[PDB]
Amino acid sequence: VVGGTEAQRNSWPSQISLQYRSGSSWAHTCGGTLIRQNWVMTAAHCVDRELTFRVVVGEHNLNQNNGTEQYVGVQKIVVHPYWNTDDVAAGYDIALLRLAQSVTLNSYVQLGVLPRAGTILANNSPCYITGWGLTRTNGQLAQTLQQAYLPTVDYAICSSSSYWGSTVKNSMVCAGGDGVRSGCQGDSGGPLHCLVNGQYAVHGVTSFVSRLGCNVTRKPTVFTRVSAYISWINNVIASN
Ligand SMILES: [Ca+2]
């Protein structure tokens, strides 16, 4: 996250770090949202590579012991069947990970609340992106979890010529685009948290930014719209 601030430790307890084995160590690659004690919601493109993955819940600092983490392997990966890695603009950038063990819930580890099916947010609705992604375009991962205020940009504005044009679909949420704050590489798969009727809910799964850079005016960060996939998510969890 570019232009972010450090999140308090128990503000976003459904945020997870998705990591892959790298020789003797583990490397952060993406975010995700804990949605069941044994299921994580993330972006399909995050699990495109045939790597060994683990989830860390209760994580705040990737380079220090926080004394709150739980580490669990990924037992099964279900990518949306319409996902195509050479066409992120088509959508369907979502996947579910079944964890090998169920995690324990506490003030650092909670389930993400998902919106009702079909919910679309009014233009300029208040949302926060969270993640350990790059803090500058072509920069480096954050050590501590970051948050940035990204108000939504509705479909008619976001799909206009000056913004993303045909690249954005109604199965997506746009947020931000102010030129200062944005998602960045390493934030993919994590949540977009939006305040509705007094409660934060995870309306988006981080998916893409401009090839020109992360924080680019009129290229808001784009997210898979969770509320378009509620039946898909329930169908997988039920059938798995
Ligand atoms: Ca840590």
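We count ligands from 1, going down the list as the structure has it; atoms in each ligand are counted the same way. In what follows, every heavy atom counts, from backbone to side chain, and hydrogens, waters and symmetry copies are set aside. Count residues from 1 along the sequence.
Taking 3.0 Å as the criterion, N65 does not count as a coordinating residue of the Ca ion (ligand 1), since none of its N, O or S atoms falls below it. The nearest N, O or S atom of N63 is not closer to the Ca ion (ligand 1) than 3.0 Å. Among the backbone and side-chain atoms of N66, an N/O/S atom is found under 3.0 Å from the Ca ion (ligand 1).
The atom name of the N/O/S atom in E69 closest to the Ca ion (ligand 1) is OE2. Taking the Ca ion (ligand 1) as reference, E59 places its N/O/S atom OE1 nearest.
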Note to self: Determine whether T130 and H193 satisfy the following criterion, side-chain hydrogen bond (donor to acceptor under 3.5 Å, both in side chains), listing intermediate values before the conclusion.
What the structure shows: CA-CA 8 Å; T130 53; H193 319 266; 2.9 Å; yes
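Only one option out of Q143, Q146, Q147, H60 pairs with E6 in a side-chain hydrogen bond (donor to acceptor under 3.5 Å, both in side chains); it is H60.
Within 6.0 Å of CG in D87 there are more than 12 heavy atoms belonging to other residues, nucleotides or ligands.
In this structure, the separation between OG1 on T5 and CZ on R181 is 9.5 Å, given to the nearest 0.5 Å.
With the Ca ion (ligand 1) as the vertex, O (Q64) and O (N61) define an angle of 90°, rounded to 10°.
The side-chain hydrogen bond (donor to acceptor under 3.5 Å, both in side chains) test applied to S14 returns no partner, not counting sequence neighbours.
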